[PDB]
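Here is what each chain is made of, one letter per residue.
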Amino acid sequence: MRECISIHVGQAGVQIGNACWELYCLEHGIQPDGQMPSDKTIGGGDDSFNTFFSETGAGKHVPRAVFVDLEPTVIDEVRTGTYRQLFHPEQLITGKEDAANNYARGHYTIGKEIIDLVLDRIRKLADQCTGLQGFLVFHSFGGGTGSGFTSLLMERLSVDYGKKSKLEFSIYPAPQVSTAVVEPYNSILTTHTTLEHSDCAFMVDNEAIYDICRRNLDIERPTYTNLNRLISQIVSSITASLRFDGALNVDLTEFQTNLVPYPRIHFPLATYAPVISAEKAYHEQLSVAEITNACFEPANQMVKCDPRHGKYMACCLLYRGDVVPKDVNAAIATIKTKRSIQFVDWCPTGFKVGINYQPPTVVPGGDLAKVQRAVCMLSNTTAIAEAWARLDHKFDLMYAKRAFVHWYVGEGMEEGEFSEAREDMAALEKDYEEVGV
Amino acid sequence: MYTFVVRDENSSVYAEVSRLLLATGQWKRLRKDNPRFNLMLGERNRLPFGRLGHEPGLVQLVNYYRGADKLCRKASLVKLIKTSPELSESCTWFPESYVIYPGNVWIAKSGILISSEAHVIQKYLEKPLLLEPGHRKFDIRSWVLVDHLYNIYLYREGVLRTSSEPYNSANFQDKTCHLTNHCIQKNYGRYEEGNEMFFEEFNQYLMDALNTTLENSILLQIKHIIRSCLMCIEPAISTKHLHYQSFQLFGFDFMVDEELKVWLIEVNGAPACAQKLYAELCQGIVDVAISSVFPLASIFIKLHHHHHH
Amino acid sequence: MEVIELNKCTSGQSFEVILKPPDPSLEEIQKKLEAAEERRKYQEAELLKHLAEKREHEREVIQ
Amino acid sequence: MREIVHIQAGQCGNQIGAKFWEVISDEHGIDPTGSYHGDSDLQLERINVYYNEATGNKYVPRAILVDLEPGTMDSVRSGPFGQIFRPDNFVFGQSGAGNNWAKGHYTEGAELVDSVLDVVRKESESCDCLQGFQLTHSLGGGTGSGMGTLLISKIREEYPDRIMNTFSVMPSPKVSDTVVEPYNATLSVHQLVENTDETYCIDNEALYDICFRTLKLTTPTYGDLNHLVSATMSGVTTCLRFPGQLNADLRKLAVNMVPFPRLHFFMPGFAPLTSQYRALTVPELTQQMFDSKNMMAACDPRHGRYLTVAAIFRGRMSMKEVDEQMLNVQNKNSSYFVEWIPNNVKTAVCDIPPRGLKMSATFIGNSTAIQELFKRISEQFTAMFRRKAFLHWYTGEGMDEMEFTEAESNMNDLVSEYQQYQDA
Ligand SMILES: Nc1nc2c(ncn2[C@@H]2O[C@H](COP(=O)(O)OP(=O)(O)OP(=O)(O)O)[C@@H](O)[C@H]2O)c(=O)[nH]1
Ligand SMILES: Nc1ncnc2c1ncn2[C@@H]1O[C@H](COP(=O)(O)OP(=O)(O)CP(=O)(O)O)[C@@H](O)[C@H]1O
Ligand SMILES: Nc1nc2c(ncn2[C@@H]2O[C@H](COP(=O)(O)OP(=O)(O)O)[C@@H](O)[C@H]2O)c(=O)[nH]1
Ligand SMILES: CC(C)(C)c1[nH]cnc1/C=c1\[nH]c(=O)/c(=C/c2ccccc2)[nH]c1=O
Ligand SMILES: [Ca+2]
Ligand SMILES: [Ca+2]
Ligand SMILES: [Mg+2]
Ligand SMILES: [Mg+2]
């Protein structure tokens, strides 16, 4: 096998990390203290789950994780929480003073004083690996730490680990759950500086996860805890092929080859079904056809957009539970004739299916009901550019007036980096249109 | 109190809709670049559909169906009909059309060329129906309103945009007998006002001259074509389940031949209404397309047909 | 519709189905981190220069 | 970033400042001698923000009490919660400042300033992570106005990276001690434009009108005005003094509220206004806190446009109904919020309500309508200054007429700058 190091930068990164590792532990049968009874080779192993967990002589299973936050309070809840024994203290890095939702403070000012420490603690995990693949990076677009420090890390990781693949799990900003007003700046700034350094990035618009939690979980006012437990189910779906036996997406390089033919256009759209409430008394279980067909409804997407007005470069169907190849092919046949699924001319119109027979694990006392079968569709569609256009329009409104810009400049950043970043985004929107129209 | 914006100043139709909304006391107009609207009355080119339905606590409606341009551009309309199984190459109500990029009479269009020598090259209807007294060509315009639920509402008043010149088989270069457009004519107004004959008179002419009705001889075929064309594209453009909703007014242009067969010529995405009919149609757009979504404090015919087979 | 490269195992199976065929260096980073720190320290100098002028005016008024 | 250092300067500064510690000590369950007698752990979870822990589990306010005369600071020490303050932090002179900005800023206050800064250094030193300073004062007197702005300038020299916020009481002829208040305020406003990250513009005109018109008090005392001030000060400091999943310090808040450095003068507001039995519904709080009558700065928000809005609700209520009501006023009065800062109205809810009310709301508005306040003080200034009236009091303390001309010009530039963004 080949090892994968997860990095969780900022509040949104850290708390989504929490949710994912909680779920990974339940899936692999690893307990809060770190013992995995079903694991028989004590002290080590080259199993599929070992890509995400190292082992000690005492029999503990330790996440290959680094938690980074420029203030202590969020990572302090990891240190005193249910999974406190799971991590070594050196994995949990915290500063004193945060980035104040300021990209420039996170990237330049406070980034500089902590970057060499974080890379050192990453090197401590990379030296425990017999053959490192690379990195899964979790962060917000809107935070100062999430946007600013992530981009500096991603720059340095290309230098220190030039041969290794880098994946992003990015939280795209939604006004309904954010109190940050400067997020459009932070989002464009980090997307510009990270673009060449990220091989494949899974965006999750908080707006989509929020309304999925309202519409499908009957939650009146969804908290971050509601959103994170649902996001981690999608993340798990995506990373399951790295952690279990299988022949599709077995390494980080295969995510790039399958989903990203055009390197700059490395933002696949996640769609996930079914999301069903645990409080729901009576639930008629959905078939392979119904949940595959739900992957083409915009209401189940991680980012709200319309794939019908755009084109596909790749599509992957990752199934969890009771599913067999012929039921999937019958569903794809029915769906092809009904819906508008147009591919680009140079790419084959097809689907890479992966099935894992273990149904989705649900967190006990959670909001999601147990289901017989589920699916996550990863599709690289040009429709996701809708999310860039929105973010860029918000940028242009604020930036025309130089609103908030003094905070960034005051932390050493140049005004030229704003329009430089916006031009890369202007080029990115133009790349999407050439391909998709 | 609902809010709207106006991003198409040339639109004579939605100028009146803007006016009718304001004159209720329950619709405020905002600036062109304000995001916090309930209704967008949008531009023709590059309408930002990607920014719609992302404002929290606002149900957002727009007066264009994204992707409806595939029915309204001539090149795409021909490609839609040939490729779609439910319309097909052997489509009885569409003239034989071909695509080459920049009785054997044809017509080229997108500057209009009618010849045998010589964009889309369409089969030209050599023996059309000729109104008398006059011996002159016409085309029928019908207005169709598709709402947010995809109910297809045909407006009961259409109009015949007539030619005032006698039709000539040998003389093709003279455009005023072959092309029946309103601008090209302006014998302008000899037989009827502004080269516009309305449905009441045209029904009466058919009765007196041909012993049939508009409903039977022509309108049945029009309703079949409108329904066939829109239900074809419903999966591509429908806003059911979608985070923003769309309606749109369309203009269907028809041609009736000598044996009373109706032919589709063009569908029009941003159509203008006839002078008399603005007041009624623009009130209808408000009642059916806007007030259904945003309730305050029939002129249409609904097109539905579920034949079992 | 062709079902290719089918691989099976005890925990799952995978296959493809085809419907139809067709970086800056460590020098440059550590440089431009420090270039923003020069602008940060220049701006803080201009502040403590401006506040030093306020202090000399404060002495001039009382004198 | 957790600890805040509080400073109160002058009669007014110490009066409203003493009420702040009366209100928040009750909210944190701290008695008049400093001992904790609460019940919830939420009362002690972020008690470090405003209190130091002393021997015997006593809680001592991180408060420095400044004046150039003993009078008011002797009243504070005799008053109900006076014993809680650290005795070393009472730093005072003797001769006073006679409502004279020059005396506070250049002569009398210069003699005292370094001993006040020693106490600030003492408190700042034993702070794990100091997030910033807050100051209570008037701009119409001598001490709070002149010495308060001198302290602000000295604190910025020694702590250039810390946040400086003020609760600055504005003078008005309706509630007026001397005719020279417009002079003292204009000289102070120029200082605040340079040296503060936020200034809460408490207008005594507005506090009077609220007491007179919308509270039916015929003869309002300063205690009646200060009641409204202390309620607001509790409200603006709530989100730091309690949770609830809000990950914000002064800098983060300042970053999201201040789009332009000089335009950091806010319009405070409170709902319901008190001096009740039926608790307000979420719609009523929302309409009242946005209402002009409930604004603590005598400006009409309809005459300007909102750059940013912050609203913090207190009590047990439906967050869904809060979101619905906050979205209702924005979407029905969208002309009054600038389109070029998307999603500029932000909201928090705190479960713990203040004393006496079942639910309340505190409004913080960065509106361009605040220019009306500065225009009103600019007119009162010019009326006197065109005839160089009362200037001998300031020139006798070594000031030049040029410094007045500068200050006049700087405040009229501030008004021009607010006008620019109102029309854009
Ligand atoms: N899905 C999700 N989004 C979050 C969470 N926490 C914060 N966010 C979002 O992230 C953005 C704010 O960024 P944060 O991650 O809180 O900021 P940070 O990275 O800690 O950076 P600083 O606060 O500037 O140090 C907003 O869009 C929030 O809605 C979370 O737990 N889950
Ligand atoms: N195949 C055909 N047979 C007979 N007449 C035809 C024809 N194609 C076009 N015409 C005539 O040419 C006229 C104008 O052409 P067409 O309707 O294609 O373009 P147009 O753009 O002017 C319609 P509109 O602007 O109202 O959407 C029609 O009114 C019709 O009478
Ligand atoms: N709101 C309020 N304003 C006050 C109070 N005391 C004085 N003022 C105002 O402050 C100004 C006088 O300043 P003051 O603080 O007495 O002078 P200082 O002691 O030299 O700072 C006048 O405009 C008064 O209206 C008070 O207790 N509350
Ligand atoms: C999301 C919310 C409502 C917390 C918010 N967003 C931006 N601002 C605030 C609130 C405040 N913003 C402030 O700037 C603020 C200032 C403050 C706090 C304590 C002491 C002095 C000033 N106090 C606040 O309560
Ligand atoms: Ca093992
Ligand atoms: Ca002396
Ligand atoms: Mg943070
Ligand atoms: Mg006094």
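## Some words on helix α4 (residues 144-160) of chain A
And then number 1: Taking 1.5 Å of rise per residue, 17 residues should cover 24 Å, and α4 of chain A covers 23 Å from first to last C-alpha, within 8% of that figure.
And then number 2: With 15 of 17 residues buried, α4 of chain A is to be regarded as a mostly interior element.

## Some points on the domain arrangement of chain B
A common way to express how large an interface is: the accessible area buried when the components associate.
Residue and element names in this part refer to chain B.
And then number 1: Its domain assignment divides chain B into domain 1 (1-63) and domain 2 (64-95 + 127-309).
And then number 2: Each of domain 1 and domain 2 has a C-alpha centre, and the two are 26 Å apart.
And then number 3: Taken together, the contacts link 27 residues of domain 1 with 28 residues of domain 2.
And then number 4: Where domain 1 abuts domain 2, roughly 2300 Å² becomes buried across the two surfaces, and 72% of that area is made up of carbon and sulfur atoms.
And then number 5: It is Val13, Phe49 and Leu61 in domain 1 that bury the most area against domain 2; as a group they hold 26% of the surface buried on that side.
And then number 6: For the interface between domain 1 and domain 2, the tally reads 0 salt bridges.
And then number 7: Taken together, the connections running from domain 1 to domain 2 amount to 7 residue pairs in polar contact.
And then number 8: Its residues placed into classes, the side of domain 1 that touches domain 2 shows 14 nonpolar, 9 polar and 4 charged.

## What about the domain arrangement of chain D?
Residues and elements named next belong to chain D.
And then number 1: Along its sequence, chain D is organised into domain 1 (1-259), domain 2 (260-369) and domain 3 (370-424).
And then number 2: Placing a centre on the C-alpha atoms of domain 1 and another on those of domain 3 gives a separation of 25 Å.
And then number 3: Taken together, the 24 residues of domain 1 in the interface contact 24 residues of domain 3.
And then number 4: If you sort the residues of domain 1 by the area they bury against domain 3, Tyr183, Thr186 and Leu187 come out on top, with a joint share of 31%.
And then number 5: Where domain 1 meets domain 3, there are 1 salt bridge.
And then number 6: Inspection of the region where domain 1 meets domain 3 yields 7 residue pairs in polar contact.
And then number 7: Sorting the residues of the side of domain 1 that touches domain 3 by element identifies α4 (101-125), α6 (181-195) and β8 (198-203) as the ones contributing at least two each.
And then number 8: Among the elements that make up the side of domain 1 that touches domain 3, the one with the highest residue count is α6 (9 residues).

## Here we look at a nonpolar patch on the surface
Residue and element names in this part refer to chain B.
And then number 1: On the surface, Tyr98, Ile100 and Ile121 cluster together into a nonpolar patch covering about 280 Å² of accessible area.
And then number 2: Note on placement: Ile121 falls in strand β8 (residues 120-123).
And then number 3: Relative accessible area serves as the criterion here: at 35%, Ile121 is assigned to the partly exposed category.

## Some points on the interface of chain D and chain B
And then number 1: Each side of the interface is counted separately: chain D has 9 residues, and chain B has 11 residues.
And then number 2: Buried area between chain D and chain B, summed over both chains or domains, comes out near 830 Å², and the portion from carbon and sulfur atoms is 42%.
And then number 3: On the chain D side of the contact with chain B, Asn331, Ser334 and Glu339 of chain D bury the most area, a combined 55% of that side's loss.
And then number 4: The tally of links from chain D across to chain B stands at 1 salt bridge.
And then number 5: A salt bridge links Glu339 of chain D to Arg31 of chain B, with the nearest nitrogen and oxygen atoms 4.0 Å apart.

## A word on the coordination of the calcium ion (ligand 5)
Metal coordination angles in their ideal form are 109.5 degrees for the four-donor tetrahedron and 90 or 180 degrees for the six-donor octahedron.
All names here are of chain A.
And then number 1: Within the protein, the calcium ion (ligand 5) binds to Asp39 (OD), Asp39 (OD), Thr41 (O), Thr41 (OG1), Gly44 (O) and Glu55 (OE); these donor distances fall in the range 2.4 to 2.8 Å.
And then number 2: Considering all 6 donor atoms around the calcium ion (ligand 5), the spread of angles at the metal, 47 to 166°, places the coordination shape in the irregular class.
And then number 3: Between consecutive donors of the calcium ion (ligand 5), the numbers of intervening residues give the motif D-x1-T-x2-G-x10-E. Of this pair, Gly44 sits in the loop between α1 (10-28) and β2 (53-55) while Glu55 sits in strand β2; the two residues are 11 residues apart in sequence, bridging distant segments of the chain.
And then number 4: Since its relative accessible area comes to 26%, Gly44 is described here as partly exposed.
And then number 5: A residue is classified by how much of its surface remains accessible, and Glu55, at 14% relative accessible area, is buried.

## Section: the environment of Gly10 of chain A
All names here are of chain A.
And then number 1: Locating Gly10 in the fold gives a position in helix α1.
And then number 2: The exposure class of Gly10 is buried, given its relative accessible area of 1%.
And then number 3: Sequence separation between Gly10 and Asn102 is 92 residues; the distance between their C-alpha atoms is 12 Å.
And then number 4: The residues touching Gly10, leaving out its near neighbours within four places in the chain, are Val68, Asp69, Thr145 and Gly146.

## Considerations on the site of ligand 4
And then number 1: In the vicinity of ligand 4, 20 residues are found, and the nearest of them are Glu198, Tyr200, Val236, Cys239 and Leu253 of chain D.
And then number 2: Neighbouring residues of ligand 4 are not confined to one chain but are distributed across chains A and D.
And then number 3: Between ligand 4 and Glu198 of chain D, the relevant distance is 2.7 Å, taken from an oxygen atom to a side-chain nitrogen or oxygen of the residue.
And then number 4: Between a nitrogen atom of ligand 4 and a main-chain N or O atom of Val236 of chain D, the distance comes to 2.8 Å.
And then number 5: Here ligand 4 has 540 Å² of accessible area as a free molecule, and 97% of this is covered by the chains.

## Comments concerning the UniProt feature "binding site: Ca(2+)" (unreviewed entry) in chain D
And then number 1: Under the feature "binding site: Ca(2+)" (unreviewed entry), the UniProt entry names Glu111 of chain D.
And then number 2: Mapped onto the secondary structure, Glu111 of chain D falls in helix α4.

## Notes on the site of ligand 1
And then number 1: Taken together, 23 residues lie around ligand 1, and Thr145, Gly146, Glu183 and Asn228 of chain A together with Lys252 of chain D are the ones closest in.
And then number 2: Chains contributing residues near ligand 1 are chains A and D.
And then number 3: Take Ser140 of chain A: an N or O atom from its side chain is 2.8 Å from an oxygen atom of ligand 1.
And then number 4: Contact distances for ligand 1 include 2.6 Å between an oxygen atom and a side-chain N or O atom of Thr145 of chain A.
And then number 5: Across the complex, the protein chains shield 96% of the 650 Å² of accessible surface that ligand 1 would expose by itself.
And then number 6: Every element with two or more residues in the shell around ligand 1 is listed here: α1, α4 and α7 (224-243) of chain A.
And then number 7: A per-element tally of the shell around ligand 1 places α1 of chain A first, with 4 residues.
And then number 8: In terms of residue class, the shell around ligand 1 is built from 7 nonpolar, 12 polar and 4 charged.

Cut-offs and rules
- Residues numbered from 1 in each chain as written, not as in the entry; some residues may be left out.
- Chains lettered and ligands numbered in written order.
- Part of a larger assembly, values for the part shown.
- Heavy atoms only, no water.
- Residues with missing side-chain atoms left out of burial classes, pairs and counts.
- Helix = DSSP H or I, 4+ residues; strand = E, 2+ residues; numbered from the N terminus.
- Expected span 1.5 Å × (residues − 1).
- Buried < 20%, exposed > 50% of the residue type's maximum accessible area, 1.4 Å probe, protein only.
- Domains from an automatic or database assignment.
- Contact = heavy atoms within 4.5 Å.
- Buried area = accessible area lost by both parts, 1.4 Å probe.
- Salt bridge = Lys/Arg side-chain N within 4 Å of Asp/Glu carboxyl O.
- Polar contact = N/O pair within 3.5 Å; in protein donor to acceptor, adjacent residues only side chain to side chain.
- Nonpolar A, V, L, I, M, F, W, Y, C, P; charged D, E, K, R; others polar.
- Patch = residues over 30% accessible without salt bridge, like charges linked within 9 Å, V, L, I, M, F, W, Y side chains within 5 Å.
- Areas by Shrake-Rupley, 256 points an atom, 1.4 Å probe, with all protein chains shown as cover.
- Donors = N, O, S within 2.8 Å, 3.2 Å for Na, K, Ca; no water.
- Tetrahedral: all angles 85-135°; square planar, octahedral: opposite > 155°, others 65-115°.
- Near = heavy atom within 4 Å.
- UniProt positions renumbered as here; feature names shortened; annotations may be inferred.

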